[PDB]
Each structure stands twice: as C-alpha cells, then as structure tokens.
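Survey of secondary and tertiary structure
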Amino acid sequence: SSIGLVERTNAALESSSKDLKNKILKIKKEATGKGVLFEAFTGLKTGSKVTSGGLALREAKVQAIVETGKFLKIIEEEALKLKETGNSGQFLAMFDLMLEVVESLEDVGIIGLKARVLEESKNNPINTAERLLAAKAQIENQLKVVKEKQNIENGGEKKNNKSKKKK
C-alpha cells in the first residue's frame, strides 16, 4: 500500500507547511521566558510599563522571519517541480499558501505588505509556473527588507496611535 512514501505524495507539502504558522508557538515562549506578559502589549497606558518588555520582545518578532526564510527555501524546490504539471489548480494553492504563512505572523505584531501582493495576481493572470517564480521573488525580496526595519523602528514597527494611516 506504501513504499516508505506518503499519501497524496509530499508534493503539495501543505502538510509540513501548516507546521510553519504553528511553529511560532515556540517563538512566543521566547519572550515569556524573560517574564514578559502578552497582555501588556500596547494600550495599558504603558505609563509604568515603559517598554518593560525590553529588547527581548522585539527580537522575537524577527526570530520568526528567520524561521520562515528556512521553510520558504524548501518550497522553492517544490514549486519548481510543478513546472511539468503546470496545473493551475495545484499552482493556485501555492499562491494562497506562501501568503497564508504570513497570516499567522500577525499574532506577533508582524504586518507585511502582503495585502498588497494580492493585487499582484489580480493584475497579472497567475496560472503557470515560470511566471509564478516572479511572484515569490517578491515575497523573499520583500521579507529581507522587513528585517532591516529593525534599524530604529519609528515607522513600520510599533505604529504610532496618532498615525491613523487610512487613505
């Protein structure tokens, strides 16, 4: 019934992918170790909690992308194969997949410009492989730009309440 392989083959690799958004569960404990609280995020006036979290909480938001970059490199050799299949049905899931792993990061105050990547496929028809690599090239290229944001915040990281940003 099986020869060391797996059902539906590991092609989709969607099984291990689900372990990504869940892998964070570990990155969360990191801060907790420093006696950090997930309740004093931002809003408790932060009058006495003047950044009481320390740099141990900010480094956590970054430790994630680092883990994702590792798993993301694995998908490269996965989609590259579908090149022969070119099955939009199977390729379509990939597009929604690479973007999904970015949805669980929102739990760590991480908000990439993914929402913007959605229009990318809307403008250009994504039903092939070759071109697909074009969509990813942006994901990895953009992610590496997010990490640099750790220069000194005052922007994407820790958004100011005054900055409504809605227009």
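Shown numbers run from 1 along every chain as its sequence is written, which may differ from how the entry numbers residues; residues without coordinates are omitted from display. Hydrogens and waters are ignored; side-chain quantities use all the structure's heavy atoms.

Its PDB header attributes the entry to solution NMR.

Details of the overall build of the protein
Numbering of helices and strands runs from the N terminus, with a helix taken as a DSSP run of H or I at least four residues long and a strand as a DSSP run of E at least two residues long. Scanning the protein for helices and strands turns up five helices and zero strands. For the protein, the α and β elements follow one another from N to C terminus as α-α-α-α-α. Principal-axis analysis of the C-alpha atoms gives the protein an extent of 60 × 45 × 20 Å. In this analysis, two residues are considered to be in contact whenever any of their non-hydrogen atoms come within 4.5 Å of each other. If you take every contact in the protein between residues at least 6 apart in sequence, the share linking residues at least 24 apart comes to 68%. Only the protein chains shown count as covering a residue, and every accessible area follows the Shrake-Rupley method with a 1.4 Å probe. Total accessible area on the protein stands at roughly 12100 Å², and carbon and sulfur atoms take up 55% of it. Charged side chains in the protein number 31 positive and 23 negative. The centres of these two groups are separated by 8 Å. When charges are counted, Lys and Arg contribute as positive and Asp and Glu as negative, whereas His and the chain ends are disregarded. To locate a charge, take atom NZ for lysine, CZ for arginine, CG for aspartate or CD for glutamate.

Focus: helix α1 (residues 14-33)
The sharpest bend along α1 reaches about 35° and sits at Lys21. The buried label applies to any residue whose accessible area, calculated with a 1.4 Å probe on protein chains only, is under 20% of its type's maximum; exposed applies above 50%, and partly exposed to all values in between. Residues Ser17, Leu20, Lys21, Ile24, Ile27 and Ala31 constitute the buried set of α1. Looking at the buried positions of α1, the neighbouring elements they touch are α2 (55-82) and α3 (88-100). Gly35 lies just past α1 and shows a positive phi near 65°. Given a residue, its bend is the angle between the two axes fitted to the seven residues that end at it and to the seven that start from it.

Notes on the environment of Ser16
Here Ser16 lies in helix α1. Each C-alpha atom, one on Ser16 and one on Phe71, is 9.2 Å from the other, the two residues being 55 residues apart in sequence.

Some words on unusual backbone geometry
The phi torsion at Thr51 lies on the positive side, around 45°, for a residue other than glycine. Even without being a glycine, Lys158 presents a positive backbone phi close to 55°. Inspection of the secondary structure assignment puts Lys158 in the segment after α5 (130-147).

Remarks on the environment of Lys18
You can see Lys18 is positioned in helix α1. Exposure remark for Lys18: the relative accessible area of 55% places this residue in the exposed category. The spatial distance from the C-alpha of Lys18 to the C-alpha of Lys136 is 18 Å, given a sequence separation of 118 residues.

Here's the deal with the pattern of salt bridges
Oppositely charged side chains are able to pair whenever their charged atoms sit close together. Any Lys or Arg side-chain nitrogen located within 4 Å of an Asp or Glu carboxyl oxygen qualifies as a salt bridge. Counted by the stated rule, this structure contains four salt bridges. The residue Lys114 makes a salt bridge to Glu103 at a minimum N-O spacing of 3.9 Å. Pair noted here: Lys114 is in helix α4 (residues 114-123) and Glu103 is in the loop between α3 and α4, with a separation of eleven residues, a long-range link.

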